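*Asks:* Residue numbers (PDB author numbering), protein chains in the order written: chain B, 31 to 50, 59 to 116, 140 to 248, 255 to 363, 371 to 665, 686 to 756, 762 to 822; chain A, 31 to 50, 59 to 116, 140 to 248, 255 to 363, 371 to 665, 686 to 756, 762 to 822.
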Ligand SMILES: N[C@](CC1c2ccccc2Oc2ccccc21)(C(=O)O)[C@H]1C[C@@H]1C(=O)O
Ligand SMILES: N[C@](CC1c2ccccc2Oc2ccccc21)(C(=O)O)[C@H]1C[C@@H]1C(=O)O
Ligand SMILES: *[C@@H]1O[C@H](CO)[C@@H](O)[C@H](O)[C@H]1NC(C)=O
Ligand SMILES: *[C@@H]1O[C@H](CO)[C@@H](O)[C@H](O)[C@H]1NC(C)=O
């Protein structure tokens with residue numbers, strides 16, 4: 031059975047008014071709204087005056103292979142058609158787009174929200190007046206980056222709602238760094260809430276599921292006493308038969324629903340339908356015996379459609395709207411292609427469908443009817459694909475005192491414009507659900523435990539530099555870390571001795587070793603004919619006057635600064651105070687006389703080249719040293735053995751003065772025999788005092804300054820009796 | 031009008047037997071072959087015995103919107142159908158795949174080669190028995206990489222043959238490095260051969276065009292006398308009405324055609340069709356009055379279908395083949411789904427089309443009929459998309475002597491298997507058409523002039539290293555290039571002097587300067603009480619004996635090797651032979687006497703520290719030098735001014751001996772007065788001899804060796820009279 035009424039040019043409709059029983063909520067509630075919407079068009083002079091509209095609507099029986107064998111009665115007049146209206150479901154309007162494409166006919170579906178239907182290179186005569194469902198992974202990914210929740214755990218639903226919603230959620234999740242944790246797919256029952264506790268720092272579940280497979284979750288997560296704050300897509304909606312099981316666990320969620328003001332005058336029409344004043348609809352004499360349970371038992375004559383039984387559908391403002399889309403596009407045809415006329419012209423029999431849909435239906439813009447406060451949001455655009463503007467609502471769940479009941483807290487069209495005083499989630503909080511907060515460069519060794527987007531960031535070493543965001547290494551041996559831990563610094567070395575409370579030492583030692591060396595110059599070179607310059611020698615003792623000041627200044631050319639040529643001189647300077655100041659004064663004391691000078695130099699230069707022998711490979715180097723990771727010193731190329739090789743090898747010479755001090764016994768054991776060991780105690784007792792030191796400050800000069808203080812009167816103290 | 035004959039289950043066909059006149063070549067020649075192919079199936083007991091086949095074929099009128107309004111007579115029995146055969150064109154079998162998909166019916170097209178029809182997620186009931194045209198950019202890109210032609214210039218054709226062939230040629234061109242040059246698109256006439264001469268190192272044109280827009284090219288490139296060797300796709304084919312205009316310019320091309328042996332017994336059938344023994348076909352009584360020009371003028375009773383007028387079509391082995399595809403798939407149905415029977419069982423009324431095409435039609439494999447030497451290439455596979463195996467032919471154009479006529483030189487199925495003795499292109503050549511051949515690393519500076527794939531490669535510098543394939547830089551100052559020009563080498567420096575035909579010089583100079591210094595030791599230190607050691611001094615002249623050998627060996631510690639401490643000694647060694655060997659022998663010659691020694695040292699050490707003064711900042715360095723890009727020397731840190739500062743500043747001392755040589764006139768001007776300038780001539784005359792040199796080999800010692808030869812007898816030659 032079907033219904034067709036003629037006219038100037040007619041429309042066509044499909045409507046699910048059978049079930050695989060009359061579908062009394064999604065069926066007749068919609069179909070009798072279209073026939074109301076026609077009867078305003080044929081009685082409004084500001085609309086199409088002469089184009090008297092009729093209709094030819096069928097019964098799509100909610101199954102695809104009954105639509106096709108029904109839809110051919112449209113196309114078998116090419140009772141002509143100008144465009145079908147309506148494919149209600151989303152599998153029944155994908156098999157009358159693959160057969161109304163092939164005959165150049167526009168198709169306007171009033172409810173069918175899916176995502177494949179906007180693939181306009183495959184369904185190129187299809188424009189609908191509901192938003193698709195790639196615009197619900199663009200609210201629940203913009204009321205997550207408004208509350209700064211960045212670690213969620215989503216659960217889909219199996220079939221064709223979830224797998225094209227969630228795979229459109231992740232691709233709008235990476236665009237705001239909102240990175241998910243766990244993605245289960247319910248087709255089990257208690258396991259999907261078992262896996263949703265193993266990440267307990269994720270307190271927001273994005274719930275993208277149907278309206279039947281989101282009772283068995285909530286009735287399971289009330290049978291385990293857990294709690295969350297859910298965001299959920301249109302499967303929840305405002306349907307108040309999803310919380311009547313467990314009115315406590317679902318408290319505090321926020322969800323979305325398609326916004327639609329009810330149409331006012333339609334309730335003043337549809338509540339005046341008695342089945343004796345409706346001789347037009349061939350289903351009204353079978354719907355009336357189903358929502359009243361009669362059999363026209372026996373029907374009552376006083377029965378009517380009151381306001382206690384006819385709460386109208388959510389989607390009625392998407393039929394009365396989306397038949398005015400056709401009755402304004404086809405108003406532009408008769409007033410442009412054939413002007414100066416009212417009736418259908420002769421150029422209307424070739425009803426160019428391809429020129430209709432692609433030119434001046436898809437680019438139309440007009441206010442909605444039956445709405446007060448016009449041009450607020452009541453304009454019906456179409457985008458560049460055939461999908462109307464998405465205007466949602468955000469429903470919160472404020473349990474005000476007595477009964478758990480829903481509430482509206484704002485909406486969005488392109489910018490989420492909430493009212494920020496309904497967050498009633500756990501007790502009163504903004505339940506952040508963000509893991510492992512960003513941290514300071516002091517703890518910049520951020521390493522993740524295997525799961526992405528939250529980590530541990532620990533302080534690595536104070537001698538280390540932050541190499542990367544997830545890597546740090548040491549700034550370097552001889553490179554000290556600065557605050558800019560990417561490129562840190564070098565390390566300041568240490569060799570300073572310019573008055574380190576010790577450099578005044580050799581100055582006063584020169585004031586006692588070299589200043590009293592002029593007292594040697596006051597007597598010893600002042601008498602070269604005295605009996606003191608006789609075979610009891612004093613012209614020999616100019617070589618003690620030469621070493622009177624060089625021994626008083628040996629560390630004066632060592633303790634300044636280890637510059638690699640300058641410190642090599644004092645490396646080569648230990649031998650001069652080993653032979654010509656000590657051993658030359660330890661060779662002439664065997665007591686010829688006329689040739690008594692040359693016998694000394696025959697034994698003096700036996701070690702003058704041996705200092706160059708140890709200077710063969712090592713020498714003229716001032717390499718640096720560092721032990722405790724922040725303490726660095728600048729020293730010389732000298733081992734402890736080689737430092738002993740200058741110390742304990744030249745201290746063997748005291749064995750060459752033990753018996754050698756004691762046929763020339765005369766007045767020489769009293770004074771020059773006295774200093775054979777009492778000057779050597781500065782070398783005997785000071786052997787292990789270098790073995791202990793490592794800073795080497797006072798021992799840097801006490802191997803010289805006490806010994807040269809002995810040298811101020813080794814023989815000149817006994818030569819102080821005359822003059 | 032149409033034709034339907036009943037049966038157990040029937041097939042359906044579309045055939046272009048009208049033109050937008060009966061299409062007597064592509065029409066009735068094909069349609070009457072299908073009805074022949076049926077009448078062997080209903081009379082072959084090894085085939086389907088009880089399934090008596092009938093047919094119901096229509097007239098697709100070569101236009102899309104006449105196929106659809108014709109094709110609904112198939113689908114209005116769901140006179141039932143089991144699968145349509147045939148969509149002939151390639152726009153008429155893309156509008157009976159978008160309407161036979163929607164009702165689960167397989168479709169087999171016998172000729173329709175295109176590329177969109179293998180998009181089997183959009184046309185999912187479509188299997189054809191011709192190869193598509195993504196398998197003709199896979200022969201003409203494999204008989205280009207067999208003759209090693211790698212630089213071509215292709216010309217497409219506008220519409221839907223070229224733009225889906227050439228855009229499938231480039232994507233099979235980059236896979237073998239065969240890179241194209243110019244891609245014009247003919248929709255002008257003479258300009259497309261104007262642009263095909265501006266790259267005259269491209270002698271092969273890939274010609275991917277139709278059969279009408281490839282006469283206007285050849286009839287233009289004969290009106291400009293040019294020449295090429297063409298490869299061309301199936302637009303040429305073997306059609307001998309494309310060369311009859313210009314039988315000389317097109318000589319030597321090679322082209323492709325779909326291989327099809329003619330069907331033998333069909334010519335023994337179709338040549339027995341009189342229009343009184345054919346009471347079945349409702350077009351045969353209008354085709355007969357068109358290929359005989361009669362009007363059944372007046373027809374002749376003796377007229378018949380002879381062998382002089384019925385040269386059969388190329389594509390008849392693709393209909394008699396591709397109706398046996400259905401009559402072997404549907405043989406497997408009746409012998410599996412309902413075995414132990416011959417007739418159609420009760421489970422045949424639900425003819426499961428989706429279970430038919432996707433399971434055991436697309437995976438079928440069977441020999442072709444009416445062909446001798448079976449199983450050579452006569453098996454009919456289907457690939458994983460619904461496209462048969464591509465088996466072409468490669469036609470060459472050997473002009474044998476008298477007439478230009480085509481010839482077959484081999485074929486390919488998956489491997490191009492030619493016969494390599496037909497290359498008859500210009501005179502007799504393999505016309506390589508490859509630009510700017512690869513070259514040696516000696517010329518590895520390969521830079522392209524703007525056009526890709528051919529370049530110029532030039533030799534860059536012999537002191538340069540090949541950095542990249544298109545970049546070279548210098549190997550380095552102090553880095554010599556090797557043959558491995560990626561990482562070349564360092565450069566060997568030059569400081570060698572170990573017997574460079576000059577080191578024996580100072581050895582013999584020591585044999586005359588230091589060996590005769592022992593002759594000074596033979597007399598001068600052998601008498602310290604003689605009148606020669608008196609106030610006429612000789613104990614002073616030990617300082618001439620000291621400098622007797624050090625002047626004989628000053629370059630002996632300079633000309634060895636410039637090691638940076640060792641050469642610094644000879645840098646510090648010029649002063650000793652400037653004062654104590656020369657100026658100390660130029661200070662005592664003012665003639686006290688008892689203190690005559692200390693007056694000399696008061697003036698001797700006036701320049702002993704001035705050598706350290708110029709050694710303040712510069713010194714102990716041995717930096718290297720190089721001028722002519724392959725010649726490097728190792729020298730010392732010495733400028734020409736500083737080398738003069740050791741030379742011309744110490745040569746001022748001759749002005750301190752001019753008047754100073756001449762109250763002590765005695766016997767001293769004869770010998771020691773003689774050497775005041777005749778030793779200075781070794782310093783006077785040798786001032787500019789350093790200003791010229793840069794190799795410094797003989798002048799490295801002649802500033803010493805002649806002067807020390809004077810020093811062998813400066814005073815000892817006059818002290819040679821006694822002893
Ligand atoms: N357009 C809907 C949307 C629908 C849907 C809506 C909410 C929850 C589950 C659900 O199941 C799917 C699955 C795929 C595509 C669309 C949906 C339809 O039924 O197709 C529905 C408004 C139409 C009506 O029933 O009036
Ligand atoms: N299948 C063909 C192939 C055809 C074609 C072949 C050669 C040159 C030009 C040309 O034009 C196009 C353009 C697009 C797709 C196919 C073609 C057809 O006519 O469609 C032709 C074998 C069918 C027949 O005519 O019997
Ligand atoms: C993060 O979101 C909260 C939610 O109220 C907001 O107040 C806050 O300003 C956001 N953070 C920053 C750094 O802006
Ligand atoms: C390039 O192609 C020619 C064509 O005859 C072939 O003989 C030759 O071997 C090919 N080049 C190489 C390097 O194989």
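Think of the CB as a built atom: it goes at the ideal place given N, C-alpha and C, for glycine as much as any other residue.
#1: Taking just the CA atoms, how far does residue 237/B sit from residue 507/B?
#2: Would you say residue 156/A reaches chain B, if we count a Cβ-Cβ gap shorter than 8 Å as a contact?
#3: Within the same chain, show all residues whose beta-carbon is closer than 6 Å to that of residue 155/B, passing over the 5 residues directly before and after it, in chain order.
#4: Taking a contact to mean a Cβ-Cβ separation below 8 Å, would you say residue 207/B touches residue 320/B in this structure?
#5: Going along chain B, which residues have a C-beta under 8 Å from residue 639/A?
#6: Once the 5 residues before and after residue 784/B are set aside, which same chain residues still bring their CB inside 8 Å of it?
#7: Strictly by DSSP, which residues pair up with residue 708/B?
#8: What does the shell around ligand 1 hold, if a residue joins when its beta-carbon is under 6 Å from any heavy atom?
#9: Kindly provide the ranges of any beta strand (DSSP E) runs that are 3 or more residues long and lie completely inside the stretch 331-358 of chain B, ordered along the chain.
#10: I think residue 774/A touches residue 809/A, with their Cβ atoms under 8 Å apart; what is that distance to the nearest whole Å?
#11: With 16 other CB atoms within 10 Å as the buried threshold, where does residue 719/A fall?
#12: Residue 616/A: which of 527/A, 592/A, 522/A and 628/A sits nearest, CA to CA?
#13: Name, please, each residue of chain B whose Cβ falls closer than 9 Å to the Cβ of residue 163/A.
#14: Tell me the residue span of the beta strand (DSSP E) that contains residue 775/B.
#15: Could you check whether residue 43/B and residue 93/B sit closer than 8 Å to each other, using their CB atoms as the reference points?
#16: Look at residue 183/B and residue 461/B and say whether their C-beta atoms are less than 8 Å apart.
#17: Could you tell me if the beta carbon of residue 483/A falls within a distance shorter than 7 Å of some heavy atom in ligand 4?
#18: Kindly examine ligand 3 and report whether one of its heavy atoms sits closer than 7 Å to the Cβ of residue 439/B.
#19: If you follow the beta strand (DSSP E) that residue 57/B is in, where does it begin and where does it stop?
#20: Does ligand 4 have even one heavy atom less than 7 Å from the beta-carbon of residue 157/B?
#21: When the Cα of residue 291/B is compared with those of 313/B, 308/B and 275/B, which residue comes out closest?
#22: Below 8 Å CB to CB, which residues in the same chain sit around residue 157/B once its five sequence neighbours on both sides are set aside?
#23: Hey, out of 638/B, 631/B, 393/B and 33/B, whose CA is closest to residue 346/B's CA?
#24: Which residue comes first and which comes last in the alpha helix (DSSP H) that contains residue 77/A?
#25: Going by the C-beta, is residue 504/B closer than 7 Å to any heavy atom of ligand 3?
#26: Following a CB-centred definition, is residue 209/A positioned closer than 7 Å to any heavy atom of ligand 4?
#27: Just list the residues that DSSP pairs residue 94/B with in beta bridges.
#28: Under a three-way DSSP split, which group does residue 542/B fall into?
#29: Smallest Cα separation from residue 160/A: which of 140/A, 186/A and 150/A?
#30: Quick one: using the 10 Å Cβ neighbour count with 16 as the cut-off for buried, is residue 519/A buried or exposed?
#31: Taking the C-alpha atoms as reference points, what is the distance between residue 811/B and residue 701/A?
*Replies:* Short version:
#1: 16 Å
#2: yes
#3: Excluding residues within five positions, none has a Cβ falling inside 6 Å.
#4: no
#5: 714
#6: none
#7: None; residue 708/B has no bridge partner.
#8: 64/B, 149/B, 150/B, 151/B, 172/B, 173/B, 174/B, 175/B, 221/B, 222/B, 277/B, 278/B, 301/B, 302/B and 389/B
#9: List check, beta strand (DSSP E) in window: nothing returned.
#10: That pair is a contact at about 6 Å.
#11: exposed
#12: 592/A
#13: 106, 156, 159 and 160
#14: Where residue 775/B is concerned, there is no enclosing beta strand (DSSP E), given that its DSSP letter is neither H nor E.
#15: Contact flag set, yes.
#16: Going by C-beta atoms, residue 183/B is not nearer than 8 Å to residue 461/B.
#17: no
#18: no
#19: Because residue 57/B lies between 50 and 59, and chain B jumps straight from the first to the second, it has no atoms in this structure.
#20: Answer for residue 157/B: no, Cβ out of range of ligand 4.
#21: 313/B
#22: 44, 105, 106, 109, 145, 148 and 168
#23: 33/B
#24: 66-79
#25: yes
#26: A distance criterion of 7 Å places the beta-carbon of residue 209/A in contact range of ligand 4, judged by its closest non-hydrogen atom.
#27: 34/B and 42/B
#28: strand
#29: 186/A
#30: buried
#31: 33 Å
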